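Encoded as structure tokens, the structure appears first; notes follow it.
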Amino acid sequence: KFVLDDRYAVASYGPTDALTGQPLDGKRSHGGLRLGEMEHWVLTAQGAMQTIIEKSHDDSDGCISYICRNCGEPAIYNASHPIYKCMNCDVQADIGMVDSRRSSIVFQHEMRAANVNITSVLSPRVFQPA
Amino acid sequence: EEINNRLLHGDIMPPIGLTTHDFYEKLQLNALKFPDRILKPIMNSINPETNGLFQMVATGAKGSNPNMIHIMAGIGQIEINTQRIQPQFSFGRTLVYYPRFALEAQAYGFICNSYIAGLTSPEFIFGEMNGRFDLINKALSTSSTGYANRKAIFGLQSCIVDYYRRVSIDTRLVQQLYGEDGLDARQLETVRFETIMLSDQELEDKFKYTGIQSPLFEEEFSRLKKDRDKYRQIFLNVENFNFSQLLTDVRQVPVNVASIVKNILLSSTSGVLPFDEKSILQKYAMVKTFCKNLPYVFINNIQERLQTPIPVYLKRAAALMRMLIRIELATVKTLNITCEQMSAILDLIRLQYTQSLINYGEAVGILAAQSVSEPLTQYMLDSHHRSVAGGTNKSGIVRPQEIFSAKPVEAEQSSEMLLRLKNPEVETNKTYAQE
Amino acid sequence: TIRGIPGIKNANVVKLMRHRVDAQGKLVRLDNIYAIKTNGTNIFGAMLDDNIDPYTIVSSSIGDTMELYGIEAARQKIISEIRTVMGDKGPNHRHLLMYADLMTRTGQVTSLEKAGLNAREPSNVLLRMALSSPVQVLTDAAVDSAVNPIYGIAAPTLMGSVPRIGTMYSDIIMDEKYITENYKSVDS
Amino acid sequence: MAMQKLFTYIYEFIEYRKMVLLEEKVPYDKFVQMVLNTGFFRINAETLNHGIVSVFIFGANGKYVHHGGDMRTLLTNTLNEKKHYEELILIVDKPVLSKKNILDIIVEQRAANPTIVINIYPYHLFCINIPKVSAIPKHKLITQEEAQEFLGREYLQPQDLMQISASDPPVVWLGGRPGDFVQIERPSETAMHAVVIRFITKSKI
Amino acid sequence: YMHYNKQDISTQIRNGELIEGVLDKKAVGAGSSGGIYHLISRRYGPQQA
Amino acid sequence: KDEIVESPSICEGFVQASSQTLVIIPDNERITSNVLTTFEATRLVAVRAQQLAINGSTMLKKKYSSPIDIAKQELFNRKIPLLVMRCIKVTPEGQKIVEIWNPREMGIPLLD
Amino acid sequence: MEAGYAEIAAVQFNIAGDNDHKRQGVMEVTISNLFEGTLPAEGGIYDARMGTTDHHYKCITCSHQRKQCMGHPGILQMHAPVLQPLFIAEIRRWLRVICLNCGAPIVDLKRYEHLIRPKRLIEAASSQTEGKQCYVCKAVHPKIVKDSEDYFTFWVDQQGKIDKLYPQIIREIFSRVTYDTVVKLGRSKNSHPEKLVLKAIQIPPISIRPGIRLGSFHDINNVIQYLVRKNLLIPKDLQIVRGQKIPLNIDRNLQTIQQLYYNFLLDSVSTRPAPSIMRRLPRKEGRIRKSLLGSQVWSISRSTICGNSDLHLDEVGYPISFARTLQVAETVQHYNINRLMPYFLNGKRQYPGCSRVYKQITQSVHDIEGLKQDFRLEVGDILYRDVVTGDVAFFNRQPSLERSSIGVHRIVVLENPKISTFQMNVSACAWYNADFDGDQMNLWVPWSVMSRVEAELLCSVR
Amino acid sequence: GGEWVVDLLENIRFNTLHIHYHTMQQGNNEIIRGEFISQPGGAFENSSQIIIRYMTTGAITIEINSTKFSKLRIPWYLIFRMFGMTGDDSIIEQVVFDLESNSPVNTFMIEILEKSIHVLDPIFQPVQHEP
Amino acid sequence: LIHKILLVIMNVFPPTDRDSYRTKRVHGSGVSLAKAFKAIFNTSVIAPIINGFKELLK
Amino acid sequence: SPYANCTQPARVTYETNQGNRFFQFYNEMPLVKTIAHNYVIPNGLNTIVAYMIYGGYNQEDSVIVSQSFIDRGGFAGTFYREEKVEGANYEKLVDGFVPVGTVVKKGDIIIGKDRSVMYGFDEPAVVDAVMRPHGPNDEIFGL
Amino acid sequence: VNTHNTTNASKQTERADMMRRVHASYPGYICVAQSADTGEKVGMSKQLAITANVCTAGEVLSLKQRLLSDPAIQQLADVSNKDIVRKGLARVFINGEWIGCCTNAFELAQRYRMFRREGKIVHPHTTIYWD
Ligand SMILES: [Mg+2]
Ligand SMILES: [Zn+2]
Ligand SMILES: [Zn+2]
Ligand SMILES: [Zn+2]
């Protein structure tokens with residue numbers, strides 16, 4: 001066992017998985033290292049949520065998913081090329097940008113494939129009494 | 001050899017509930033235990049001043065007395081599950097090196113040599129069995145503990161402390177107050193309560209103040225006695241529904257009032273103070289007001305200023321610290337303390353109490369899961385070595401699984417009951433208890 | 001049953017340490033108390049027996065304690081049994097309290113298995129799906145049209161969001177009144 | 001013997017409920033003889049609200065606890081009586097609770113008389129002074145006004161509190177009904193005292 | 001079987017001055033509840049400990 | 001005339017949650033602690049540091065070369081321009097009952 | 001237009017009928033030709049309207065690259081209806097509760113009202129029903145038998161005469177049920193049994209099946225293509241009537257299609273190279289436990305740990321090379337410019353230095369080595385500088401069994417090029433239960449301001 | 001393009017009876033099991049495993065375990081009758097080796113064999129009593 | 001064989017020990033390679049038998 | 001291991017329980033040799049070990065090493081890794097297979113089939129042999 | 001020596017690691033010293049002792065013929081189960097095949113052990129076991 005073989009350091013950019021969008025596994029693949037669910041439990045216990053955002057969203061898969069408030073289904077939004085469309089509502093579409101992970105997006109798409117409709121209830125808007 | 005000679009003549013008569021083989025094995029195991037006198041020669045051959053191994057063992061840096069006795073003066077009997085080496089090789093045989101139904105102790109795992117002296121082949125083999133058993137038990141316990149830890153984490157993770165310092169899952173209350181005192185595990189110190197074990201006359205002599213004839217000090221002593229009685233009643237009742245729990249005067253509290261008082265006294269330039277009725281009465285009034293307002297630590301300072309009603313459970317939570325403050329800031333115990341020093345002491349006490357509270361977003365469920373899961377590995381090892389107990393199958397994760405899986409009474413193993421005799425007069429007679 | 005209390009295989013005599021308040025008010029630890037330790041649990045039979053004091057019967061069975069005494073006695077028994085299992089180097093008492101409170105919040109002793117999770121959090125489809133049987137839990141939720149609020153750790157995590165606890169428990173809003181009196185607009 | 005303890009402690013249970021007996025107490029031998037001959041023993045008590053509560057002690061072996069017809073007849077005849085009934089307490093042996101037919105009879109009688117409370121309990125509940133058991137903390141019933149004040153202060157709904165079954169032995173001795181709040185004074189080691197409030201739910205069986 | 005120096009058998013530190021005794025696992029050991037580092041943390045904070 | 005059933009799309013039966021109204025508890029009726037928890041202090045400092053990285057305007061008279069130090073000294077000197085909102089309840093009627101706390105008037109925990 | 005910030009407050013699960021598939025889908029699969037040239041064949045299963053897997057072609061629907069498109073569902077119109085693989089059991093229960101000739105239920109709906117809603121239908125189905133006569137119609141309910149050979153075929157036995165219940169007959173039977181019957185049985189209006197038979201299925205988004213190879217061999221794509229082909233084989237608008245006989249080839253093709261759908265959804269799932277959609281979720285290697293709970297992360301290092309008596313209990317020794325690899329992002333401002341200028345000037349030649357500069361006006365990341373002479377550090381730019389002494393880093397050892405397993409240590413950069421281990425004080429090991437016998441550790445330096453603040457203020461080992 | 005080593009592998013002895021208490025089974029009628037992997041000649045010839053099970057119902061069953069007869073729990077006396085045995089007395093003799101002997105082992109074994117003879121296997125029931 | 005099993009039921013004899021090496025063997029590469037060759041060569045003999053059998057008919 | 005009977009080998013590993021060719025130039029016969037060394041080639045050195053506390057740098061199973069002992073060739077050798085199977089990259093000296101004896105840095109392409117094989121390992125390497133044999137199907141093979 | 005055969009089956013993790021004990025039959029054939037955390041395997045692998053070897057297939061047919069010709073061996077047809085049980089005859093097995101019976105097991109075993117020691121009639125690598 002040699003230290004030079006065991007050591008590994010990786011920067012922000014590298015190969016990513018095609019399906020989940022996460023870094024490829026291990027040093028052999030030139031990808032990132034794993035923060036299993038035990039590390040997540042420890043970070044949760046310490047209350048370190050900005051660290052969890054930094055590691056599991058920015059460094060790992062992280063994406064702005066657009067959901068229509070009116071129907072709670074994933075919608076189509078593109079700013080550069082103007083696209084503001086919802087397949088279900090058509091007009092009356094109300095797109096909101098939630099922060100999510102490509103892994104969760106793939107999970108929801110898999111669940112929908114099995115004929116299980118997923119509706120996301122966006123948090124209500126809150127206004128001052130004024 | 002004497003036990004074996006008894007066996008040949010058939011003198012061994014096992015007691016009720018034990019077979020002849022079991023009684024013989026127990027007698028042999030007891031007979032082969034090393035005495036404490038084994039340490040006499042060891043301590044005679046080593047100079048404690050200039051012995052590195054002994055200095056490391058005694059100072060607690062590394063090692064233990066059994067390690068020294070094994071390295072020098074003999075390993076002794078090898079025990080697996082509190083049992084000698086069972087005849088696995090063949091019917092009546094333990095190894096190929098010993099005859100069938102061998103009677104000598106060496107044939108069942110008794111090592112007369114030390115590691116320094118050198119172990120023969122059978123002794124080495126028996127040691128190998130024991131070491132491999134330790135390793136296998138450690139691995140099994142690690143795996144089982146990890147499994148139970150994952151299950152417990154997913155069963156408890158939803159519990160989070162809210163803005164009322166309660167514990168709830170999706171607004172459904174799990175605890176009215178976290179820990180029943182609302183404190184962080186890392187902000188506690190063990191402190192002894194002086195009045196718990198004191199007699200009535202001793203309590204009066206040590207805590208009643210007689211310098212001033214005002215009934216306020218009578219009220220203070222009455223409060224001290226009432227709190228002592230409450231503590232005694234509660235913890236005697238606690239010890240009455242547990243197998244072996246015993247009343248203890250030491251409790252974990254967020255603030256060590258005695259240390260604060262000592263530190264202020266140490267830095268006090270005035271030293272011994274003259275007698276001043278006004279100062280004594282003012283100090284007593286300040287202490288009483290602080291004790292009354294203590295529960296407002298959980299509630300705002302605004303509510304303390306407004307003197308709004310306090311919920312009962314918050315008063316119960318503050319009761320223990322109220323008792324400690326009463327004991328440690330009694331008039332007799334604070335006589336060389338000025339009013340300003342008392343105010344500073346109270347301010348420091350309140351600051352420490354506020355700093356010892358639990359935060360408003362703590363995932364206490366995960367903390368509890370980790371804390372309860374960590375000692376389970378060592379518990380598994382100890383329980384495996386707890387097979388000596390007869391009639392109860394507590395070995396392994398059987399009992400933790402029974403507790404956590406909520407198994408019915410029928411599925412439970414190692415069930416036990418502790419029954420007390422009818423009256424406290426006949427409970428001191430052993431013959432009646434046996435009857 | 002010819003004689004004895006059913007379910008009690010053995011009964012031995014043991015010595016107990018117990019505190020008591022004497023006439024002078026001193027708390028003395030009596031060491032010469034004799035009690036009976038049994039090899040089986042039967043609280044009802046022990047209560048019926050006259051020789052045994054019925055108000056101090058201690059059983060290691062959580063189920064029997066819950067049946068005879070109630071949910072609070074069951075919680076105390078859970079605490080005691082977990083403490084006994086922990087050993088000498090046990091955790092702080094508040095963790096045992098958390099275990100017992102969570103396992104008995106619904107009025108009945110619920111396990112830490114998936115059945116207990118279903119009993120305690122039926123609507124948290126995502127959490128139960130994370131623990132075990134994702135397909136069966138998903139099918140049941142779809143059939144029952146379950147609505148899962150996003151709370152805890154597992155539910156936000158499976159949706160890609162971060163749990164709202166710790167540093168994110170409390171919202172932070174900008175102090176408009178303070179800024180409008182102290183800071184100047186970039187355009188201004 | 002269960003019958004001895006039941007006879008000793010059923011009147012203690014009646015007293016703990018702040019009730020007044022409507023008939024003179026009989027001796028134990030006669031109590032056993034009535035249980036054997038008739039298959040049940042009846043105790044009538046009056047609450048402070050002047051409601052009548054009847055306690056039926058059923059023998060282990062008897063027609064009422066074996067065939068549903070006799071139990072149905074007994075309950076129907078009892079409820080038809082002109083006495084203003086607040087609750088009916090039927091004390092049976094443990095396996096009798098596991099017999100379906102009897103339970104269906106009880107449920108049907110409850111449905112037929114929504115305004116009457118009919119409860120069936122095992123022997124072990126009334127074979128000891130439950131409130132005096134060391135392992136059982138001190139329970140108390142809190143009025144709806146105090147519960148409402150506590151909930152309003154805590155910003156809670158009744159469904160958010162910890163639940164306690166209405167047939168819990170301490171609650172049974174207290175007499176709390178579903179929809180009531182019970183304050184429990186727990187002894188704790190982290191802090192000497194503690195107070196919790198629990199919401200009473202439906203009784204098992 | 002051993003001769004113990006009367007000063008070593010008891011450890012006493014008063015106001016930060018080691019009046020008597022020896023320091024070992026009991027006082028400075030890791031995991032030693034009530035050790036000098038526990039008291040330092042309690043009185044002055046974990047960083048000072 | 002027997003009628004067959006064609007299942008409508010789920011979206012049609014979905015109604016979005018109605019907008020809520022923010023109910024701010026009066027200052028004198030607040031019951032949550034007046035001392036910032038470690039989580040709240042950390043969150044305040046982090047948010048202020050990020051906003052300093054975005055916009056460098058700061059009230060502090062002393063000069064620092066890092067946003068973290070500026071935010072820390074702003075919290076300690078009671079110049080932080082942020083507020084703490086503690087959501088107490090979300091009533092079914094459509095109210096969000098919250099408590100607004102001013103960090104500059106609150107106690108600060110031990111962050112070091 | 002802009003999409004305002006939002007958060008998910010609840011999730012609602014429901015059975016997705018064919019109407020949902022038709023409404024949500026963005027196209028319809030009609031051809032089995034996978035690829036036309038390099039670009040995906042239009043109308044196939046790799047149509048670009050359903051997402052992009054490769055960089056060269058972008059999503060037609062939302063005009064995004066492989067990243068930033070979530071996948072865009074498609075439709076496939078089945079020539080014959082197919083039962084829902086995940087709800088077959090449910091279908092059985094319904095067939096055991098409702099009359100097969102009309103919509104009226106054969107069981108008494110008032111015998112189950114007392115039961116809580118979820119268990120009403122299960123209890124009612126559990127009750128024996130064979131031979132019971134419908135009240136509204138003279139038809140007698142036959143026995144419903146589940147074929148043992150497969151997990152989806154159903155038979156109806158009436159007075160000893162057995163018939164195969166094809167999906168169309170089941171759909172017709174369920175369509176006759178009334179919403180009142182559905183509600184009274186504990187199910188909601190969205191769980192109407194009629195939607196348990198699908199005439200159009202959903203072709204999943206390309207993003208979840210990025211196994212397309214531009215133009216092994218085992219993938220969900222092969223199953224989808226085979227299903228499309230076999231569906232094309234079926235006669236269009238095939239009508240099946242109760243008791244009607246079917247050509248053997250048509251029956252075989254229908255069974256093949258149903259089995260293909262069942263294997264596409266629920267193959268090798270508890271009731272080896274067998275791809276299925278629902279076998280992705282379960283197990284420690286599944287989606288939930290490997291991708292959602294836990295993740296792979298960039299900007300992280302791992303190395304062996306050794307001892308160092310000259311490091312404080314809250315300090316960690318970091319190799320210089322790892323300091324040059326991992327970076328910290330500093331947003332240039334009027335107070336950072338003087339301090340950050342040496343980092344910018346050093347570049348990748350000296351230490352401390354920098355690796356990248358994110359220019360805000362260009363919105364682009366430029367490597368320092370290739371930076372032009374005219375380039376300047378300006379307010380709003382982000383400089384990625386090397387890790388220097390005094391920085392904070394998260395140090396972790398696995399398994400993480402206690403909250404102290406992850407700590408925050410001040411970085412002390414060891415400038416000796418021959419040292420490559422993470423050096424820590426021995427007294428610190430008690431936090432992680434570690435020894436210098438070859439034990440390895442992970443270390444990652446926070447780069448964002450929020451994460452750095454949180455690490456310094458909350459997760460410090462003190 | 002690599003070096004590989006086929007390590008020695010430990011296996012169970014052949015032509016020997018292995019009797020295991022099948023307590024690991026959950027809710028299984030089988031209480032004991034006997035495996036006999038028979039193999040003729042050398043180690044490369046075909047081998048057949050016969051499994052003898054004793055159940056809580058009291059029936060001794062034999063499974064040949066080959067592709068043919070796989071997963072078939074054939075009662076033992078059926079096997080005996082097929083190969084030529086005619087009388088039940090001789091069948092019991094083949095197991096006990098003596099019917100006249102009155103040793104307690106012989107009597108207990110004969111009782112077990114009666115219980116196995118009379119019990120009716122759900123499969124092979126029609127053939128059970130066929131002479 | 002049955003007799004022996006019955007003796008274990010009576011508790012006269014204990015069940016066979018799995019760990020004991022008296023009833024164990026150590027097969028080298030020969031046995032494993034022979035099994036793999038058996039499977040593969042059986043497949044490669046099934047493949048032409050059908051091919052040849054079909055060809056001869058045609 | 002010598003004097004194995006004087007040690008308890010399991011307890012040695014009880015702490016350690018659970019959890020490309022190197023050629024070493026120098027090896028020596030142990031001063032305390034066992035029978036096992038009549039049949040295997042010893043691999044190691046008779047290092048002078050001092051059992052002492054020296055600055056607390058050898059704690060928790062750590063060991064303090066002599067820099068001169070390392071420099072003199074103790075435990076020094078050659079690690080061999082074969083690319084037999086076979087962004088911005090050098091491409092200048094590839095010459096198909098690179099010349100032997102050329103330092104290969106991170107990023108530089110070891111072989112050029114644009115098609116080339118990049119060097120990923122951080123540690124620099126030196127080319128030993130670029131000889132190319134013939135593949136099983138006669139295809140170009142790189143060793 | 002690898003025991004991966006068990007690993008293929010879904011054996012309990014606790015049970016599998018339980019098999020890594022040192023058995024009383026290992027001495028002289030399997031090294032009793034631990035793996036020393038080699039890291040090649042968790043420890044499921046075991047090493048042969050220094051003098052341990054593995055025997056190859058013998059000539060079973062020659063020994064079988066010799067035993068059949070031996071006067072002490074009585075062929076199965078000649079003996080009767082009643083004779084076996086009553087007269088106290090001893091069963092004789094070769095490679096698990098019951099070839100015949102013997103009057104005195106110990107005498108036959110000792111005689112063939114002597115023959116093995118001579119090394120002419122019986123090959124030295126043939127196991128002779130007398131129960
Ligand atoms: Mg280590
Ligand atoms: Zn929409
Ligand atoms: Zn797209
Ligand atoms: Zn009908």
Side-chain angles (χ1 to χ4, degrees), chain G residues 31-35 41 44-45 147-153 211-216 218-235 246-264 267-268 273-276 279, chain H residues 1-2 4 6 9 11 14 37-49 63-72, chain I residues 27-58, chain J residues 85 134-136 141, chain K residues 5 8:
Chain G
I31 77 189
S32 37
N33 174 50
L34 289 160
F35 277 112
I45 62 156
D147 183 318
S148 63
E149 283 56 353
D150 57 60
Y151 312 79
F152 38 82
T153 305
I212 105 180
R213 302 167 64 177
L214 292 181
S216 64
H218 273 182
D219 200 6
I220 218 79
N221 284 326
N222 297 354
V223 183
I224 296 180
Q225 175 177 32
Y226 201 175
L227 184 52
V228 163
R229 260 209 297 289
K230 285 295 195 171
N231 183 57
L232 286 177
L233 258 66
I234 304 290
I246 303 90
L248 190 77
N249 45 317
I250 292 186
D251 179 292
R252 186 193 325 320
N253 294 359
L254 292 171
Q255 168 100 1
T256 302
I257 283 180
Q258 183 64 63
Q259 190 81 60
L260 278 170
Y261 198 51
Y262 190 101
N263 290 348
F264 167 67
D267 196 2
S268 60
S276 80
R279 181 177 181 170
Chain H
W4 315 86
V6 195
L9 187 96
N11 205 20
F14 287 169
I37 290 94
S38 176
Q39 166 151 5
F44 298 112
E45 321 210 18
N46 248 0
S47 96
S48 93
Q49 173 182 237
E63 171 189 358
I64 299 299
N65 192 104
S66 170
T67 62
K68 316 142 289 313
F69 329 92
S70 184
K71 171 24 56 193
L72 195 60
Chain I
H27 300 297
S29 71
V31 178
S32 59
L33 290 195
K35 180 178 182 180
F37 177 68
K38 267 174 28 172
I40 278 77
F41 168 66
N42 170 58
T43 302
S44 302
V45 171
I46 295 170
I49 288 182
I50 67 100
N51 187 1
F53 165 61
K54 295 169 187 180
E55 183 185 301
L56 304 210
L57 296 176
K58 186 176 178 180
Chain J
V85 290
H134 297 304
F141 203 61
Chain K
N5 269 355
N8 193 295

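Per chain, numbering begins at 1; letters A, B, ... match sequence-line order.
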Any chance you could measure [X], atom [atom1], to [Y], atom [atom2], to the nearest 0.5 Å?
X	Y	atom1	atom2	value
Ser70(H)	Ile64(H)	OG	CD1	10.5 Å
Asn221(G)	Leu34(G)	CG	CG	8.0 Å
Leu233(G)	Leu254(G)	CG	CG	11.0 Å
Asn65(H)	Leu72(H)	CG	CG	11.5 Å
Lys54(I)	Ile49(I)	NZ	CD1	12.5 Å
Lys230(G)	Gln255(G)	NZ	CD	12.0 Å

Considering non-hydrogen atoms only, spot the tightest contact between [X] and [Y] and give its length.
X	Y	answer
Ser29(I)	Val6(H)	CB-CB, 3.5 Å
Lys71(H)	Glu63(H)	N-OE2, 3.2 Å
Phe35(G)	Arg213(G)	CE1-O, 3.0 Å
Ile246(G)	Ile250(G)	CG2-CG2, 3.6 Å
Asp267(G)	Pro275(G)	CB-O, 4.3 Å
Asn5(K)	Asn11(H)	ND2-OD1, 3.2 Å

For the residue pair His27(I) and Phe14(H), does the interplanar ring angle fall in the parallel (under 30°), tilted (30 to 60°) or perpendicular (over 60°) class?
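The arrangement is tilted - the two ring planes meet at 30° to 60°.
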Passes side-chain contact (heavy atoms from CB on, under 4.5 Å), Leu9(H) versus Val31(I)? Steps please.
CA-CA 9 Å; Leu9(H) 187 96; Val31(I) 178; over 6 Å; no
side-chain contact (heavy atoms from CB on, under 4.5 Å) between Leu260(G) and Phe264(G): does it pass, once the steps are laid out?
CA-CA 6 Å; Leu260(G) 278 170; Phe264(G) 167 67; over 6 Å; no
Side-chain donor-acceptor contact under 3.5 Å, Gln258(G) with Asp150(G)
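No, no side-chain donor-acceptor contact under 3.5 Å.
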Whether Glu45(H) side chain and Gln39(H) backbone form a donor-acceptor pair below 3.5 Å
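Checking the backbone N and O of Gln39(H) against the side chain of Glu45(H), no donor-acceptor pair under 3.5 Å is found.
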Can you check side-chain contact (heavy atoms from CB on, under 4.5 Å) on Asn46(H) and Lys38(I), steps first, answer last?
CA-CA 10 Å; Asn46(H) 248 0; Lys38(I) 267 174 28 172; 4.0 Å; yes
Please determine whether side-chain contact (heavy atoms from CB on, under 4.5 Å) holds for the pair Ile257(G) and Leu227(G), giving the CA-CA distance in whole Å, both sets of side-chain angles, and the decisive distance to 0.1 Å.
CA-CA 6 Å; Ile257(G) 283 180; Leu227(G) 184 52; 3.8 Å; yes
